[PDB]
Amino acid sequence: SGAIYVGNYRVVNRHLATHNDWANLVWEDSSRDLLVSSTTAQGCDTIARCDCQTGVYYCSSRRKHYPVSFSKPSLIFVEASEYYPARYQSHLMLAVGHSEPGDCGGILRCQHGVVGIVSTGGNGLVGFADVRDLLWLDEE
Ligand SMILES: COc1ccccc1CC(=O)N1CC[C@@H](O)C1
Ligand SMILES: [Zn+2]
């Protein structure tokens with residue numbers, strides 16, 4: 001589990017969105033595994049606006065933050081899980097690292113801010129949904 005709290009937005013994995021998220025929906029995209037809902041309180045996270053390929057992510061199944069090298073956002077085939085059939089996921093970045101299903105939502109960050117959240121995993125890989133192209137997260 002986990003979310004990004006920027007401005008009056010909450011960014012979560014679409015497959016983990018709650019009823020309150022769907023009832024306060026701003027934007028969602030199944031191909032990216034992302035959903036954004038509106039919040040009453042202002043958040044403290046800032047979004048990175050860069051092309052970094054190194055950063056650090058939080059892994060809840062280890063209680064640890066790990067430094068990683070990750071690929072550029074791309075269209076990658078992801079195997080079937082309990083939330084999606086096997087399909088192509090867009091804007092996804094891969095790295096070598098531990099993940100389990102409940103690690104989804106952990107933040108990946110670089111020197112500029114939040115880069116994305118854990119969305120996929122297995123066999124020593126972790127995939128992150130990028131958010132750096134969503135410029136509207138920085139405005140009302
Ligand atoms: C961190 O995720 C995992 C790690 C190990 C194994 C499996 C996963 C879950 C995973 O790949 N997905 C969840 C739904 C869809 O977004 C894809
Ligand atoms: Zn950066």
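All values below were derived from every heavy atom in this structure, side-chain atoms included, with hydrogens, water molecules and symmetry-related copies excluded. Every number for a ligand or one of its atoms is a count from 1 in the order of the listing. In what follows, residues are counted from 1 in the order of the sequence shown.
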Close side-chain approach of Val11 and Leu134, heavy atoms under 4.5 Å: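 No - every pair of side-chain heavy atoms lies 4.5 Å or more apart.
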
Ligand 1 N/O within reach of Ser119 N/O, cut-off under 3.5 Å: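 Looking only at distances, the answer is yes, because the N/O contact criterion of under 3.5 Å is met.
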
Check against side-chain contact (heavy atoms from CB on, under 4.5 Å), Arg14 and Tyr84: CA-CA 11 Å; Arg14 185 185 187 273; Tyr84 297 105; 3.8 Å; yes

Protein heavy atom at shortest distance from atom 14 (C) of ligand 1: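 Going by distance alone, atom 14 (C) of ligand 1 is nearest to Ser81 OG, 3.2 Å.
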
Ring geometry between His15 and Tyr83 (parallel below 30°, tilted from 30 to 60°, perpendicular above 60°):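 It falls in the tilted class, 30° to 60°.
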
Side chain, backbone, both or neither: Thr120 near ligand 1, heavy atoms under 4.0 Å: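 Under 4.0 Å from ligand 1, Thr120 contributes backbone and side-chain atoms.
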
Test of proximity, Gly121 against ligand 1: N or O pairs below 3.5 Å: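 Yes, there is a polar N/O contact under 3.5 Å.
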
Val126 side chain near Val118 side chain, heavy-atom distance below 4.5 Å: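 When only atoms from C-beta onward are counted, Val118 and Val126 do touch, with a gap below 4.5 Å.
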
Exam field: side chain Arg49 to backbone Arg132, donor-acceptor pair closer than 3.5 Å: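 Pair found, side chain donor or acceptor close to backbone of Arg132.
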
Aromatic ring pairing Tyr66/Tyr57, orientation class (parallel under 30°, perpendicular over 60°, tilted between):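 Judged by the thresholds at 30° and 60°, the geometry between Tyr66 and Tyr57 is tilted.
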
Stepwise side-chain hydrogen bond (donor to acceptor under 3.5 Å, both in side chains) test for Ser71 and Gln53: CA-CA 6 Å; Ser71 62; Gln53 287 187 249; over 6 Å; no

Ligand-residue contact atoms, ligand 1 with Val118, heavy atoms, under 4.0 Å: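 Close to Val118: 1 (C).
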
Within reach of ligand 1, part of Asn13 (heavy-atom separation under 4.0 Å):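 Looking at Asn13 and ligand 1, no heavy atom falls under 4.0 Å.
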
Atoms of ligand 1, numbered as shown, that sit under 4.0 Å from any heavy atom of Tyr83: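 In order of numbering, the contacting atoms are 14 (C).
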
Basic-acidic side-chain contact under 4.0 Å: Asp33, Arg87: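 No, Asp33 and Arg87 are not salt-bridged.
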
Which of the ligand 1 atoms, numbered from 1, are nearer than 4.0 Å to a heavy atom of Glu100: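 Result: 1 (C), 2 (O), 3 (C), 4 (C), 5 (C).
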
Identity and distance of the protein heavy atom lying nearest atom 9 (C) of ligand 1: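 Atom 9 (C) of ligand 1 sits closest to the protein heavy atom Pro101 CA, 4.0 Å.
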
Sidechain N-carboxylate O distance under 4.0 Å for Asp51, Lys72: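 Looking at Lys72 together with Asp51, the answer is yes, because their closest N to O distance falls below 4.0 Å.
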
Short side-chain donor-acceptor distance under 3.5 Å, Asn24 and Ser37: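 Note: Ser37 and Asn24 side chains miss the donor-acceptor criterion.
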
Contact atoms of ligand 1, heavy-atom distance to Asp33 under 4.0 Å: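 Listed by number with element, the hits are 16 (O).
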
Atom indices of ligand 1 within 4.0 angstrom of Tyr84 heavy atoms, with elements: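 Heavy-atom distances to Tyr84 below 4.0 Å select 14 (C), 15 (C), 16 (O).
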
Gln42 atom CD, over 12 foreign heavy atoms within 6.0 Å: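 No, because the 6.0 Å sphere around CD of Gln42 holds 12 heavy atoms or fewer from other groups.
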
Numbered atoms and elements of ligand 1 in range of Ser99, under 4.0 angstrom, heavy atoms: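 What qualifies from ligand 1 is 1 (C), 4 (C), 5 (C).
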
Count, waters excluded, of protein N, O or S atoms under 2.8 Å from the Zn ion (ligand 2):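 Protein N, O or S neighbours of the Zn ion (ligand 2) under 2.8 Å, waters not counted, come to 4.
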
Aromatic plane relationship, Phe128 with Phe70 - under 30° parallel, 30 to 60° tilted, over 60° perpendicular: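 Ring orientation of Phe70 relative to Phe128: perpendicular.
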
